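Note: the block below is protein.cif and it holds mmCIF, C-alpha atoms and all ligand atoms.
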```
data_work
loop_
_atom_site.group_PDB
_atom_site.id
_atom_site.type_symbol
_atom_site.label_atom_id
_atom_site.label_comp_id
_atom_site.auth_asym_id
_atom_site.auth_seq_id
_atom_site.Cartn_x
_atom_site.Cartn_y
_atom_site.Cartn_z
ATOM 1 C CA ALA A 1 7.238 43.097 71.266
ATOM 2 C CA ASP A 2 8.656 46.589 71.048
ATOM 3 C CA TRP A 3 11.105 48.873 72.862
ATOM 4 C CA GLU A 4 8.659 50.893 75.022
ATOM 5 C CA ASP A 5 7.236 47.843 76.724
ATOM 6 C CA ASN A 6 10.698 46.425 77.441
ATOM 7 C CA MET A 7 11.660 49.701 79.129
ATOM 8 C CA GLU A 8 8.390 49.525 81.044
ATOM 9 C CA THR A 9 9.169 45.997 82.271
ATOM 10 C CA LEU A 10 12.657 47.100 83.289
ATOM 11 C CA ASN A 11 11.414 49.998 85.409
ATOM 12 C CA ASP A 12 8.508 47.965 86.859
ATOM 13 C CA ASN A 13 10.909 45.310 88.089
ATOM 14 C CA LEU A 14 13.359 47.942 89.341
ATOM 15 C CA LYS A 15 10.520 49.236 91.500
ATOM 16 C CA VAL A 16 9.749 45.692 92.650
ATOM 17 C CA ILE A 17 13.439 45.387 93.587
ATOM 18 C CA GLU A 18 13.462 48.577 95.677
ATOM 19 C CA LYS A 19 10.195 47.465 97.382
ATOM 20 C CA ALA A 20 11.318 43.880 97.969
ATOM 21 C CA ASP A 21 11.893 42.303 101.391
ATOM 22 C CA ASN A 22 13.913 39.115 100.692
ATOM 23 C CA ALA A 23 16.439 37.677 98.220
ATOM 24 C CA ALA A 24 13.880 35.645 96.268
ATOM 25 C CA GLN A 25 11.881 38.710 95.223
ATOM 26 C CA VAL A 26 14.993 40.476 93.936
ATOM 27 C CA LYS A 27 16.052 37.335 92.041
ATOM 28 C CA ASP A 28 12.696 36.998 90.261
ATOM 29 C CA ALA A 29 12.596 40.676 89.416
ATOM 30 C CA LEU A 30 16.124 40.466 87.969
ATOM 31 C CA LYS A 31 15.108 37.449 85.880
ATOM 32 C CA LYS A 32 12.278 39.524 84.405
ATOM 33 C CA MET A 33 14.774 42.328 83.782
ATOM 34 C CA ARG A 34 17.174 40.022 81.939
ATOM 35 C CA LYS A 35 14.311 38.681 79.854
ATOM 36 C CA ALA A 36 13.229 42.219 79.004
ATOM 37 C CA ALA A 37 16.783 43.317 78.111
ATOM 38 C CA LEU A 38 17.345 40.342 75.824
ATOM 39 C CA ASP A 39 13.964 41.097 74.256
ATOM 40 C CA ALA A 40 14.814 44.756 73.671
ATOM 41 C CA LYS A 41 17.815 43.439 71.717
ATOM 42 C CA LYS A 42 15.228 42.477 69.047
ATOM 43 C CA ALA A 43 13.436 45.821 68.906
ATOM 44 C CA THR A 44 14.252 49.050 67.063
ATOM 45 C CA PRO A 45 14.000 52.193 69.212
ATOM 46 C CA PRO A 46 12.042 55.266 68.075
ATOM 47 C CA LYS A 47 15.161 57.397 67.542
ATOM 48 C CA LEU A 48 16.630 54.709 65.239
ATOM 49 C CA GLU A 49 13.417 54.006 63.333
ATOM 50 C CA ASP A 50 15.106 55.868 60.431
ATOM 51 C CA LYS A 51 18.376 53.856 60.683
ATOM 52 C CA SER A 52 19.098 50.423 59.215
ATOM 53 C CA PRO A 53 18.959 47.259 61.387
ATOM 54 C CA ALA A 54 22.627 46.688 60.455
ATOM 55 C CA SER A 55 23.691 50.310 60.817
ATOM 56 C CA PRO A 56 26.511 50.881 63.304
ATOM 57 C CA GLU A 57 23.928 52.584 65.543
ATOM 58 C CA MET A 58 21.785 49.446 65.792
ATOM 59 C CA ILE A 59 24.876 47.402 66.665
ATOM 60 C CA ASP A 60 25.664 49.757 69.518
ATOM 61 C CA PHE A 61 22.019 49.544 70.594
ATOM 62 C CA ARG A 62 22.095 45.765 70.789
ATOM 63 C CA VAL A 63 25.504 45.720 72.488
ATOM 64 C CA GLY A 64 24.234 48.165 75.067
ATOM 65 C CA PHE A 65 21.576 45.634 75.884
ATOM 66 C CA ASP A 66 24.246 42.927 76.182
ATOM 67 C CA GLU A 67 26.048 45.163 78.679
ATOM 68 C CA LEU A 68 22.795 45.614 80.588
ATOM 69 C CA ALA A 69 22.283 41.839 80.605
ATOM 70 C CA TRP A 70 25.743 41.333 82.125
ATOM 71 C CA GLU A 71 25.222 44.006 84.784
ATOM 72 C CA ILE A 72 21.861 42.412 85.608
ATOM 73 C CA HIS A 73 23.745 39.131 85.888
ATOM 74 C CA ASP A 74 26.048 40.521 88.552
ATOM 75 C CA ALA A 75 23.110 41.846 90.552
ATOM 76 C CA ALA A 76 21.418 38.444 90.200
ATOM 77 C CA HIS A 77 24.586 36.876 91.628
ATOM 78 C CA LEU A 78 24.271 39.080 94.672
ATOM 79 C CA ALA A 79 20.592 38.085 95.031
ATOM 80 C CA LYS A 80 21.342 34.352 94.641
ATOM 81 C CA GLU A 81 24.006 34.576 97.358
ATOM 82 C CA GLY A 82 21.295 35.973 99.653
ATOM 83 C CA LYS A 83 22.680 39.521 99.990
ATOM 84 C CA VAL A 84 19.455 41.470 99.613
ATOM 85 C CA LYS A 85 20.887 44.879 100.431
ATOM 86 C CA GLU A 86 23.875 44.618 98.093
ATOM 87 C CA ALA A 87 21.606 43.395 95.307
ATOM 88 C CA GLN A 88 19.340 46.393 95.909
ATOM 89 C CA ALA A 89 22.372 48.685 95.762
ATOM 90 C CA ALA A 90 23.486 47.175 92.444
ATOM 91 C CA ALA A 91 19.936 47.559 91.133
ATOM 92 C CA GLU A 92 20.158 51.308 91.793
ATOM 93 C CA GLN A 93 23.065 51.553 89.342
ATOM 94 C CA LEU A 94 21.085 49.397 86.917
ATOM 95 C CA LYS A 95 18.386 52.071 87.208
ATOM 96 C CA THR A 96 20.961 54.696 86.272
ATOM 97 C CA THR A 97 21.862 52.677 83.155
ATOM 98 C CA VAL A 98 18.217 52.163 82.212
ATOM 99 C CA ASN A 99 17.176 55.817 82.642
ATOM 100 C CA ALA A 100 20.178 56.979 80.602
ATOM 101 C CA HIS A 101 19.294 54.496 77.860
ATOM 102 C CA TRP A 102 15.669 55.617 77.792
ATOM 103 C CA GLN A 103 16.887 59.207 77.693
ATOM 104 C CA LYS A 104 19.064 58.628 74.638
ATOM 105 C CA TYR A 105 16.762 56.498 72.534
ATOM 106 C CA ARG A 106 13.377 57.923 73.664
ATOM 107 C CA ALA B 1 28.864 27.793 60.660
ATOM 108 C CA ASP B 2 27.095 24.402 60.870
ATOM 109 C CA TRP B 3 23.584 24.891 62.372
ATOM 110 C CA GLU B 4 22.293 21.388 61.654
ATOM 111 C CA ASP B 5 24.496 19.600 64.245
ATOM 112 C CA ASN B 6 24.624 22.233 66.991
ATOM 113 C CA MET B 7 20.995 21.251 67.601
ATOM 114 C CA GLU B 8 22.122 17.607 67.624
ATOM 115 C CA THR B 9 24.831 18.464 70.166
ATOM 116 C CA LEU B 10 22.356 20.207 72.452
ATOM 117 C CA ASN B 11 19.928 17.265 72.230
ATOM 118 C CA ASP B 12 22.675 14.708 72.922
ATOM 119 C CA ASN B 13 23.951 16.626 75.935
ATOM 120 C CA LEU B 14 20.363 16.853 77.224
ATOM 121 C CA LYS B 15 20.298 13.058 76.872
ATOM 122 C CA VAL B 16 23.562 13.048 78.843
ATOM 123 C CA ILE B 17 22.053 15.269 81.548
ATOM 124 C CA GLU B 18 18.873 13.213 81.973
ATOM 125 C CA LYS B 19 20.914 10.019 82.265
ATOM 126 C CA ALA B 20 23.547 11.619 84.466
ATOM 127 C CA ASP B 21 24.434 10.511 87.988
ATOM 128 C CA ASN B 22 26.581 13.298 89.410
ATOM 129 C CA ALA B 23 27.019 17.039 89.419
ATOM 130 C CA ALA B 24 30.148 16.829 87.242
ATOM 131 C CA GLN B 25 28.432 15.239 84.247
ATOM 132 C CA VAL B 26 25.598 17.771 84.120
ATOM 133 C CA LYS B 27 28.028 20.696 84.375
ATOM 134 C CA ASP B 28 30.159 19.355 81.550
ATOM 135 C CA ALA B 29 27.094 18.749 79.423
ATOM 136 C CA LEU B 30 25.901 22.283 80.175
ATOM 137 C CA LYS B 31 29.253 23.762 79.155
ATOM 138 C CA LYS B 32 29.043 21.836 75.881
ATOM 139 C CA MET B 33 25.483 23.149 75.527
ATOM 140 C CA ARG B 34 26.670 26.745 75.977
ATOM 141 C CA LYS B 35 29.368 26.194 73.363
ATOM 142 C CA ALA B 36 26.807 24.826 70.937
ATOM 143 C CA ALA B 37 24.364 27.678 71.562
ATOM 144 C CA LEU B 38 26.980 30.378 71.031
ATOM 145 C CA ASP B 39 28.332 28.576 67.976
ATOM 146 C CA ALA B 40 24.843 28.356 66.473
ATOM 147 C CA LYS B 41 24.794 32.150 66.809
ATOM 148 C CA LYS B 42 27.262 32.155 63.892
ATOM 149 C CA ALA B 43 25.340 29.941 61.438
ATOM 150 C CA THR B 44 22.286 30.291 59.212
ATOM 151 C CA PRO B 45 19.420 27.794 59.650
ATOM 152 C CA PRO B 46 17.652 26.439 56.549
ATOM 153 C CA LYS B 47 14.464 28.545 56.928
ATOM 154 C CA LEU B 48 16.587 31.709 56.664
ATOM 155 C CA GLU B 49 18.792 30.637 53.754
ATOM 156 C CA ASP B 50 17.554 33.293 51.290
ATOM 157 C CA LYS B 51 17.672 35.942 54.034
ATOM 158 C CA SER B 52 20.357 38.434 54.949
ATOM 159 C CA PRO B 53 22.900 37.774 57.712
ATOM 160 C CA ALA B 54 21.452 41.102 58.925
ATOM 161 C CA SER B 55 17.796 40.422 58.153
ATOM 162 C CA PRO B 56 15.487 41.063 61.143
ATOM 163 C CA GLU B 57 14.638 37.357 61.069
ATOM 164 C CA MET B 58 18.365 36.638 61.334
ATOM 165 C CA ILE B 59 18.687 39.107 64.211
ATOM 166 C CA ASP B 60 15.909 37.301 66.073
ATOM 167 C CA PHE B 61 17.640 34.009 65.381
ATOM 168 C CA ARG B 62 20.861 35.247 66.960
ATOM 169 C CA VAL B 63 19.094 36.845 69.942
ATOM 170 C CA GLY B 64 17.217 33.588 70.540
ATOM 171 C CA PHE B 65 20.532 31.856 70.942
ATOM 172 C CA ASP B 66 21.618 34.524 73.417
ATOM 173 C CA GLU B 67 18.470 33.651 75.370
ATOM 174 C CA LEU B 68 19.379 29.974 75.188
ATOM 175 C CA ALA B 69 22.906 30.686 76.420
ATOM 176 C CA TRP B 70 21.490 32.607 79.389
ATOM 177 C CA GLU B 71 19.041 29.813 80.235
ATOM 178 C CA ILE B 72 21.881 27.290 80.101
ATOM 179 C CA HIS B 73 23.770 29.574 82.444
ATOM 180 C CA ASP B 74 20.983 29.440 85.027
ATOM 181 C CA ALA B 75 21.026 25.638 84.785
ATOM 182 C CA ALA B 76 24.810 25.572 85.240
ATOM 183 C CA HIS B 77 24.539 27.939 88.256
ATOM 184 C CA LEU B 78 22.135 25.451 89.841
ATOM 185 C CA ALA B 79 24.472 22.537 89.233
ATOM 186 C CA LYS B 80 27.319 24.584 90.655
ATOM 187 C CA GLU B 81 25.341 25.352 93.826
ATOM 188 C CA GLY B 82 25.163 21.557 94.436
ATOM 189 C CA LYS B 83 21.483 21.221 93.392
ATOM 190 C CA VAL B 84 21.833 18.419 90.838
ATOM 191 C CA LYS B 85 18.126 17.580 90.622
ATOM 192 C CA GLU B 86 17.052 21.230 90.361
ATOM 193 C CA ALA B 87 19.604 21.496 87.551
ATOM 194 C CA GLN B 88 18.101 18.489 85.737
ATOM 195 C CA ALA B 89 14.666 20.095 86.022
ATOM 196 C CA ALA B 90 16.014 23.280 84.445
ATOM 197 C CA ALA B 91 17.483 21.050 81.737
ATOM 198 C CA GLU B 92 14.051 19.528 81.087
ATOM 199 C CA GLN B 93 12.765 23.017 80.381
ATOM 200 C CA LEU B 94 15.772 23.643 78.115
ATOM 201 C CA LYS B 95 14.588 20.591 76.200
ATOM 202 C CA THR B 96 11.370 22.486 75.435
ATOM 203 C CA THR B 97 13.235 25.633 74.442
ATOM 204 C CA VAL B 98 15.631 23.793 72.100
ATOM 205 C CA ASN B 99 13.242 21.556 70.136
ATOM 206 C CA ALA B 100 10.979 24.587 69.810
ATOM 207 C CA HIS B 101 13.864 26.108 67.888
ATOM 208 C CA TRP B 102 14.266 23.034 65.665
ATOM 209 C CA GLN B 103 10.789 23.643 64.319
ATOM 210 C CA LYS B 104 10.296 27.032 62.671
ATOM 211 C CA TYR B 105 14.022 27.201 61.743
ATOM 212 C CA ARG B 106 14.519 23.807 60.084
ATOM 213 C CA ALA C 1 35.498 53.312 70.561
ATOM 214 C CA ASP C 2 38.556 51.419 69.168
ATOM 215 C CA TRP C 3 39.478 47.747 68.645
ATOM 216 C CA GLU C 4 43.221 47.759 69.391
ATOM 217 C CA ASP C 5 42.709 49.711 72.603
ATOM 218 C CA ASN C 6 40.232 47.045 73.726
ATOM 219 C CA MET C 7 42.899 44.430 72.992
ATOM 220 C CA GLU C 8 45.432 46.365 75.047
ATOM 221 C CA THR C 9 42.947 46.589 77.971
ATOM 222 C CA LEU C 10 42.503 42.817 77.760
ATOM 223 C CA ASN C 11 46.265 42.198 77.699
ATOM 224 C CA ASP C 12 46.982 44.553 80.583
ATOM 225 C CA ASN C 13 44.315 42.954 82.741
ATOM 226 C CA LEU C 14 45.624 39.495 81.898
ATOM 227 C CA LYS C 15 48.948 40.646 83.297
ATOM 228 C CA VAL C 16 47.302 42.120 86.404
ATOM 229 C CA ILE C 17 45.531 38.776 86.943
ATOM 230 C CA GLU C 18 48.709 36.691 86.694
ATOM 231 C CA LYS C 19 50.552 38.962 89.122
ATOM 232 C CA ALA C 20 47.649 39.235 91.605
ATOM 233 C CA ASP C 21 47.418 37.722 95.119
ATOM 234 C CA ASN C 22 43.736 37.921 96.125
ATOM 235 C CA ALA C 23 40.301 37.240 94.705
ATOM 236 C CA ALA C 24 39.390 40.922 94.638
ATOM 237 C CA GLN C 25 42.286 41.730 92.309
ATOM 238 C CA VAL C 26 41.393 38.922 89.882
ATOM 239 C CA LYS C 27 37.684 39.859 89.996
ATOM 240 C CA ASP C 28 38.410 43.522 89.268
ATOM 241 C CA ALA C 29 40.637 42.752 86.304
ATOM 242 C CA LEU C 30 38.219 40.190 84.857
ATOM 243 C CA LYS C 31 35.360 42.679 85.162
ATOM 244 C CA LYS C 32 37.528 45.119 83.197
ATOM 245 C CA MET C 33 38.197 42.402 80.606
ATOM 246 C CA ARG C 34 34.487 41.736 80.248
ATOM 247 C CA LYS C 35 33.863 45.458 79.766
ATOM 248 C CA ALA C 36 36.549 45.636 77.057
ATOM 249 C CA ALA C 37 35.358 42.479 75.211
ATOM 250 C CA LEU C 38 31.783 43.729 75.142
ATOM 251 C CA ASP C 39 33.146 47.051 73.921
ATOM 252 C CA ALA C 40 35.092 45.311 71.142
ATOM 253 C CA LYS C 41 31.775 43.864 69.956
ATOM 254 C CA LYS C 42 31.110 47.489 68.885
ATOM 255 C CA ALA C 43 34.297 48.114 66.909
ATOM 256 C CA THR C 44 35.375 47.011 63.447
ATOM 257 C CA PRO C 45 38.739 45.216 63.352
ATOM 258 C CA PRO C 46 41.365 46.279 60.790
ATOM 259 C CA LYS C 47 41.205 43.045 58.747
ATOM 260 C CA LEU C 48 37.459 43.592 58.261
ATOM 261 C CA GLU C 49 37.414 47.329 57.558
ATOM 262 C CA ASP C 50 36.633 46.438 53.908
ATOM 263 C CA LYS C 51 33.569 44.402 55.013
ATOM 264 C CA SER C 52 29.972 45.388 55.705
ATOM 265 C CA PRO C 53 28.870 45.771 59.354
ATOM 266 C CA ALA C 54 26.338 43.064 58.472
ATOM 267 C CA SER C 55 28.792 40.735 56.754
ATOM 268 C CA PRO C 56 29.130 37.134 57.942
ATOM 269 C CA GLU C 57 32.724 38.060 58.818
ATOM 270 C CA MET C 58 31.577 40.829 61.182
ATOM 271 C CA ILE C 59 28.918 38.538 62.660
ATOM 272 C CA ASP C 60 31.588 35.959 63.511
ATOM 273 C CA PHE C 61 33.734 38.728 64.905
ATOM 274 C CA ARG C 62 31.006 39.781 67.318
ATOM 275 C CA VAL C 63 30.080 36.231 68.341
ATOM 276 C CA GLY C 64 33.721 35.537 69.190
ATOM 277 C CA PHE C 65 33.583 38.348 71.709
ATOM 278 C CA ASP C 66 30.407 36.859 73.178
ATOM 279 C CA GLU C 67 32.400 33.643 73.637
ATOM 280 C CA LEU C 68 35.245 35.585 75.253
ATOM 281 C CA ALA C 69 32.827 37.255 77.669
ATOM 282 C CA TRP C 70 31.407 33.858 78.664
ATOM 283 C CA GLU C 71 34.887 32.452 79.300
ATOM 284 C CA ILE C 72 35.687 35.547 81.379
ATOM 285 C CA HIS C 73 32.496 34.762 83.223
ATOM 286 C CA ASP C 74 33.696 31.265 84.122
ATOM 287 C CA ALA C 75 36.992 32.605 85.429
ATOM 288 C CA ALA C 76 35.218 35.229 87.533
ATOM 289 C CA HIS C 77 33.012 32.489 88.989
ATOM 290 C CA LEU C 78 36.186 30.635 90.004
ATOM 291 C CA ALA C 79 37.574 33.792 91.600
ATOM 292 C CA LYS C 80 34.340 34.355 93.534
ATOM 293 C CA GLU C 81 34.355 30.827 94.900
ATOM 294 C CA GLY C 82 37.779 31.433 96.435
ATOM 295 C CA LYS C 83 39.711 29.425 93.833
ATOM 296 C CA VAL C 84 42.296 32.087 93.044
ATOM 297 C CA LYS C 85 44.784 29.780 91.342
ATOM 298 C CA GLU C 86 42.191 28.076 89.162
ATOM 299 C CA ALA C 87 40.978 31.528 88.112
ATOM 300 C CA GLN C 88 44.557 32.418 87.135
ATOM 301 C CA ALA C 89 44.875 29.224 85.087
ATOM 302 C CA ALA C 90 41.618 30.023 83.317
ATOM 303 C CA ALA C 91 43.076 33.467 82.654
ATOM 304 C CA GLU C 92 46.160 31.960 80.989
ATOM 305 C CA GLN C 93 43.838 30.273 78.524
ATOM 306 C CA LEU C 94 41.948 33.551 78.077
ATOM 307 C CA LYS C 95 45.375 34.882 76.987
ATOM 308 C CA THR C 96 45.639 32.085 74.439
ATOM 309 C CA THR C 97 42.195 32.988 73.069
ATOM 310 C CA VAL C 98 43.027 36.713 72.991
ATOM 311 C CA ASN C 99 46.341 36.302 71.148
ATOM 312 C CA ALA C 100 44.588 34.049 68.629
ATOM 313 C CA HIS C 101 41.960 36.731 68.099
ATOM 314 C CA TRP C 102 44.626 39.413 67.814
ATOM 315 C CA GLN C 103 46.354 37.377 65.120
ATOM 316 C CA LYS C 104 43.271 36.508 63.069
ATOM 317 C CA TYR C 105 41.933 40.088 63.001
ATOM 318 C CA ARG C 106 44.860 42.468 62.721
HETATM 319 MG MG MG D 1 35.435 53.320 74.752
HETATM 320 MG MG MG D 2 30.780 36.239 86.212
HETATM 321 ZN ZN ZN D 3 26.987 33.565 86.558
#
```
Transcribe the structure of this file into structure tokens.
Amino acid sequence: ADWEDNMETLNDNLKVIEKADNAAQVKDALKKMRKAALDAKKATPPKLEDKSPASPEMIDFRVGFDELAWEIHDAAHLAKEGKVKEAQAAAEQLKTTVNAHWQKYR
Amino acid sequence: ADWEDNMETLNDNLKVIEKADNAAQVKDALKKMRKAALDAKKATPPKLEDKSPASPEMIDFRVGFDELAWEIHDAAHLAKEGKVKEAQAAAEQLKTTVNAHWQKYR
Amino acid sequence: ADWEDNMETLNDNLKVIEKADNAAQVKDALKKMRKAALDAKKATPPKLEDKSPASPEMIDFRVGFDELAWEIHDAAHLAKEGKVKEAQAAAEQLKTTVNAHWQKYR
């Protein structure tokens, strides 16, 4: 796919996570987030449409999505342990990371 | 690296997992699977031999092995929670992901 | 950022981990190690400053830091389970891996 839809999936599942009631919902939403982040690793953002796929910029873009995958992982750990509130709290910081990323590469 | 046999290693450790009797065997096979997935990140498959290490096709190859490493992780998490049979089910789905990769890239 | 400073962050947190007494200390230092390894994915090491960002050499350099992040992951899992000493042992081997990497690329 392409970058815009991966950002859309990320924010859709962040909203699911805020709205959720139990650990299972958070876990599934985080799985969709990790899938979307790994997918965005394959896309080229609008702002870097003019830069090479091997340019330093594209490397930092992909590594940023590896960092997002690892943060998602930690939140998924909280959700798998059953700590719904702590997972929701972690997801708020994930939202900070996602909105900043969308801001930069919009 | 050496793409050809990392696929062999993943298939053989899936054979190990299906045949396995205890939690320990599946975890060890999953750790060997993660090693093989990450290692395969370094190689070039046949289908991409005339392509750049940085070609978009090559980028998608490497990201696909990140996805495989993350799937393996979920399977290992299950085996670590004490859910040996749930882990073997996850491994069955890994079997579909891996042989899917053998086609297209061989 | 910068490669050698990432190496120094890894070495300092290895020391913190060996001297620590509780799971929280080990977890905090390993999370810092994971941050620094993922960051190092973004740098270019001295030995490869003559190579393309898309070179096979640079690809292997980045994949090695994916491997280091996964090993850090396993140690953090040990620390979360309450196995403080096993996490420290795992960290000693992380030190072996790090000093090998520091030698190869330097
Ligand atoms: Mg920095
Ligand atoms: Mg971890
Ligand atoms: Zn984990």
Show me which residues are within 12 Å of ligand ZN 3 (chain D) counting only C-alpha atoms and all ligand atoms, and format the list as a PDB file with C-alpha atoms, in the coordinates of the input.
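The resulting file, part.pdb, is shown below:
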```
ATOM      1  CA  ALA A  69      22.283  41.839  80.605  1.00  0.00           C
ATOM      2  CA  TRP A  70      25.743  41.333  82.125  1.00  0.00           C
ATOM      3  CA  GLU A  71      25.222  44.006  84.784  1.00  0.00           C
ATOM      4  CA  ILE A  72      21.861  42.412  85.608  1.00  0.00           C
ATOM      5  CA  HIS A  73      23.745  39.131  85.888  1.00  0.00           C
ATOM      6  CA  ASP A  74      26.048  40.521  88.552  1.00  0.00           C
ATOM      7  CA  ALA A  75      23.110  41.846  90.552  1.00  0.00           C
ATOM      8  CA  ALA A  76      21.418  38.444  90.200  1.00  0.00           C
ATOM      9  CA  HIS A  77      24.586  36.876  91.628  1.00  0.00           C
ATOM     10  CA  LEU A  78      24.271  39.080  94.672  1.00  0.00           C
ATOM     11  CA  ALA A  79      20.592  38.085  95.031  1.00  0.00           C
ATOM     12  CA  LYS A  80      21.342  34.352  94.641  1.00  0.00           C
ATOM     13  CA  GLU A  81      24.006  34.576  97.358  1.00  0.00           C
TER      14      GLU A  81
ATOM     15  CA  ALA B  69      22.906  30.686  76.420  1.00  0.00           C
ATOM     16  CA  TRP B  70      21.490  32.607  79.389  1.00  0.00           C
ATOM     17  CA  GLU B  71      19.041  29.813  80.235  1.00  0.00           C
ATOM     18  CA  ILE B  72      21.881  27.290  80.101  1.00  0.00           C
ATOM     19  CA  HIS B  73      23.770  29.574  82.444  1.00  0.00           C
ATOM     20  CA  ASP B  74      20.983  29.440  85.027  1.00  0.00           C
ATOM     21  CA  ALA B  75      21.026  25.638  84.785  1.00  0.00           C
ATOM     22  CA  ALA B  76      24.810  25.572  85.240  1.00  0.00           C
ATOM     23  CA  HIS B  77      24.539  27.939  88.256  1.00  0.00           C
ATOM     24  CA  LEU B  78      22.135  25.451  89.841  1.00  0.00           C
ATOM     25  CA  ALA B  79      24.472  22.537  89.233  1.00  0.00           C
ATOM     26  CA  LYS B  80      27.319  24.584  90.655  1.00  0.00           C
ATOM     27  CA  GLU B  81      25.341  25.352  93.826  1.00  0.00           C
TER      28      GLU B  81
ATOM     29  CA  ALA C  69      32.827  37.255  77.669  1.00  0.00           C
ATOM     30  CA  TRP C  70      31.407  33.858  78.664  1.00  0.00           C
ATOM     31  CA  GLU C  71      34.887  32.452  79.300  1.00  0.00           C
ATOM     32  CA  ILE C  72      35.687  35.547  81.379  1.00  0.00           C
ATOM     33  CA  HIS C  73      32.496  34.762  83.223  1.00  0.00           C
ATOM     34  CA  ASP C  74      33.696  31.265  84.122  1.00  0.00           C
ATOM     35  CA  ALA C  75      36.992  32.605  85.429  1.00  0.00           C
ATOM     36  CA  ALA C  76      35.218  35.229  87.533  1.00  0.00           C
ATOM     37  CA  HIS C  77      33.012  32.489  88.989  1.00  0.00           C
ATOM     38  CA  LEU C  78      36.186  30.635  90.004  1.00  0.00           C
ATOM     39  CA  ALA C  79      37.574  33.792  91.600  1.00  0.00           C
ATOM     40  CA  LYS C  80      34.340  34.355  93.534  1.00  0.00           C
ATOM     41  CA  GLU C  81      34.355  30.827  94.900  1.00  0.00           C
TER      42      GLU C  81
END
```
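Surrounding residues of (6.6, 53.2, 75.2) at most 10 Å away are residues 2, 3, 4, 5, 6, 7, 8, 45, 46, 102 and 106 of chain A (based on all atoms listed in the file).
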Contacts of residue 53 in chain C at 8 Å or less, counting only C-alpha atoms, minus same-chain residues fewer than 3 places along, as a list in words?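 Counting only C-alpha atoms, the residues come to residues 54, 55 and 56 of chain A; 44, 58 and 59 of chain C.
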Once you have the residues from the selection above, write them out as a compact mmCIF listing (two decimals), keeping the file's coordinate frame, restricted to C-alpha atoms.
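File written: result.txt
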```txt
# COMPACT_ATOMS: atom_id res chain seq x y z
CA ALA A 54 22.63 46.69 60.46
CA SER A 55 23.69 50.31 60.82
CA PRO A 56 26.51 50.88 63.30
CA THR C 44 35.38 47.01 63.45
CA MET C 58 31.58 40.83 61.18
CA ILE C 59 28.92 38.54 62.66
```
Distance query range 18-22 of chain B at most 12 Å, all atoms listed in the file, self and fewer than 6 positions along chain excluded, as a VMD selection string: chain B and resid 11 to 12 28 to 30 79 to 80 82 to 95
Pull out every residue that the PyMOL selection byres ((chain B) within 9 of (chain C)) matches in the shown coordinates and put them as a PyMOL selection string. chain B and resi 34-35+38-39+41-43+52-55
Looking at C:15, C:23, C:9, C:31, which one is nearest to ligand MG 2 (chain D), with distances taken over all atoms listed in the file?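 Closest to ligand MG 2 (chain D), using all atoms listed in the file: C:31.
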Give the padded box for range 36-52 of chain B as JSON: axis-aligned, covering all atoms listed in the file, 6 Å on each side, centre and edge lengths in Å to one decimal.
```
{"center_x": 21.4, "center_y": 31.6, "center_z": 61.4, "size_x": 25.9, "size_y": 25.6, "size_z": 32.3}
```
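Atom to atom, CA of residue 32 in chain C and CA of residue 13 in chain C stand 7.1 Å apart.
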Give me, please, the distance in Å between CA of residue 33 in chain B and CA of residue 97 in chain B, quoted to one decimal.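 Distance reported for this atom pair: 12.5 Å.
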From the list C:98, C:40, C:16, C:26, the nearest residue to ligand MG 2 (chain D) using only C-alpha atoms and all ligand atoms is C:26
Coordinates-based distance that separates CA of residue 37 in chain C from CA of residue 65 in chain C (Å, one decimal):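 Computed distance, CA of residue 65 in chain C to CA of residue 37 in chain C, equals 5.7 Å.
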